[PDB]
Amino acid sequence: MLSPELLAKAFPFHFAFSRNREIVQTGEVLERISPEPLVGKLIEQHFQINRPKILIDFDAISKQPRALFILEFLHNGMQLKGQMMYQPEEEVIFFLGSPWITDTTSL
Amino acid sequence: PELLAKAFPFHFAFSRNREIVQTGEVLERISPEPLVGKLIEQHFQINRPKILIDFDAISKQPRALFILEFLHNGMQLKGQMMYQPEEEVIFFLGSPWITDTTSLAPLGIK
């Protein structure tokens, strides 16, 4: 029921990836923040998954739809937390992440 | 900053009297009634942690993930409660859990 334009705007720090681990879309704020452009790049060159303890693996990720995911943006060290929303029809996962705001979190 | 208002379109901010003083762009769009000036407990419940809706109590859980439920439709918003001592407000930087059913459409007439 969710508009793709609405989803993207609702989550300014999201990224979406395909099963080859390539990033296919990013939110407005995330893109503006990254030094390299993220679309076309592999997840593991820009992110680390801190929680749950699992592989950056499309299939492994699709098996945990209720888990709170915590990813680190390797560039600034921000801890992004959120849902990994699986779209089986599109063969895309959306990490609908947003940063924890601590005193030393720099955007 | 006031980028915070933009990067968290579902946020709301509140004061010690539990009055909502500010809301994100998307939260207002989907709300059945304007939230600014309303009391938190008329519109939301806290599911996690198992705490009172209380400015002081919330301010002492700075590292907890809060789960609030928007009472109107059962939407679960998850996020940080970020205290701002200099402004005398807490920001709930929540985001909705997204399901097949999720609508981020404005409500229409009535």
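Proteins get letters first, then strands, A, B, ... in listed order; numbering begins at 1 in each. FYI, side chains are in, hydrogens and waters are out, and symmetry mates aren't considered; it's all heavy atoms of this structure.
Scanning both residues, A/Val29 and B/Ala7, for their nearest heavy atoms gives CG2-CB, 4.3 Å. Taking both residues in full, the closest heavy atoms of A/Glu36 and A/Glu31 are given as O-OE2, 4.3 Å, listed atom of the first, atom of the second, then distance. Considering all non-hydrogen atoms of both residues, B/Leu52 and B/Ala57 come closest at O-CB, 4.3 Å. Here the shortest heavy-atom pairing between B/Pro96 and B/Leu77 reads N-CD2, 3.6 Å.
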Practice task
May I have the step-by-step check of ring pair (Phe, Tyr, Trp, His ring centres under 6.0 Å) for A/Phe17 and A/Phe94, ending in yes or no?
Solution key: CA-CA 7 Å; A/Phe17 54 99; A/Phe94 277 76; 9.0 Å; no
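With rounding to the nearest 0.5 angstrom, the CD atom of B/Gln61 is 14.0 Å from the CZ atom of B/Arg48. Atom OG1 of B/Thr102 and atom CG of A/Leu7 lie 9.5 Å apart (nearest 0.5 Å). One distance of note links OG1 of A/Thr104 with CD1 of A/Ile101; it measures 10.5 Å at 0.5 Å rounding. If you take NE2 on A/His46 and CG on A/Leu74, they are separated by 8.5 Å, rounding to the nearest 0.5 Å. How far CE of B/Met82 is from OG of B/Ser59: 13.0 Å, rounded to the nearest 0.5 Å. The CD1 atom of A/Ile49 sits 4.0 Å away from atom CD1 of A/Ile61, with the distance rounded to the nearest 0.5 Å.
Classified by interplanar angle (parallel below 30°, tilted 30° to 60°, perpendicular above 60°), the ring pair A/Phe47/A/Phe15 is parallel. Ring geometry for B/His72 versus B/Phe70: interplanar angle over 60°, hence perpendicular rather than tilted (30 to 60°).
A donor-acceptor pair shorter than 3.5 Å cannot be found between the side chains of B/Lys78 and B/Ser95. Looking only at atom types and distance, the side chain of A/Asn50 has no donor-acceptor partner in the side chain of A/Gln48 under 3.5 Å away.
Contacts of A/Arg32 classified as salt bridge (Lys or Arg N to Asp or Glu O under 4.0 Å), with partners at least two apart in sequence or in another chain: A/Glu28.
Hydrophobic clustering of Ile, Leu, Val, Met, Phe, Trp and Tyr side chains at less than 4.5 Å, counting indirect connections, unites B/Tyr83 with B/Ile53. In the hydrophobic cluster analysis, where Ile, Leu, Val, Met, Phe, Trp and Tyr join through side-chain heavy atoms closer than 4.5 angstrom, A/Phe13 is grouped apart from A/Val24. B/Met81 and B/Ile67 fall into different hydrophobic clusters, where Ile, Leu, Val, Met, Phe, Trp and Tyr residues are linked whenever their side-chain heavy atoms come under 4.5 Å apart, directly or through other members. A/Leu30 and A/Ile23 fall within a single hydrophobic cluster, where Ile, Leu, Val, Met, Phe, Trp and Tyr side chains are chained together by heavy-atom contacts under 4.5 Å. The hydrophobic clustering, which links ILVMFWY residues whose side-chain heavy atoms are closer than 4.5 Å, places A/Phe11 and A/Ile33 apart.
Side-chain contact between A/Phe69 and A/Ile54: present, with at least one pair of heavy atoms (C-beta onward) separated by less than 4.5 Å. Taking 4.5 Å as the limit, every side-chain heavy atom of B/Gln22 sits out of range of all side-chain heavy atoms of B/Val36. Looking only at side-chain heavy atoms (C-beta outward), B/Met75 and B/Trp97 stay at 4.5 Å or farther from each other.
Counting heavy atoms of neighbouring residues, nucleotides and ligands inside a 6.0 Å radius, atom CD of B/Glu88 does not exceed 12 of them.
B/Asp56 has a carboxylate O that lies under 4.0 Å from a charged side-chain N of B/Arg16, or vice versa, which qualifies the two as a salt bridge. Using a cutoff of 4.0 Å between basic side-chain nitrogens and carboxylate oxygens, A/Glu22 and A/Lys41 are not scored as salt-bridged.
Between the B/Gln80 side chain and the B/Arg63 main chain, no donor and acceptor come within less than 3.5 Å of each other.
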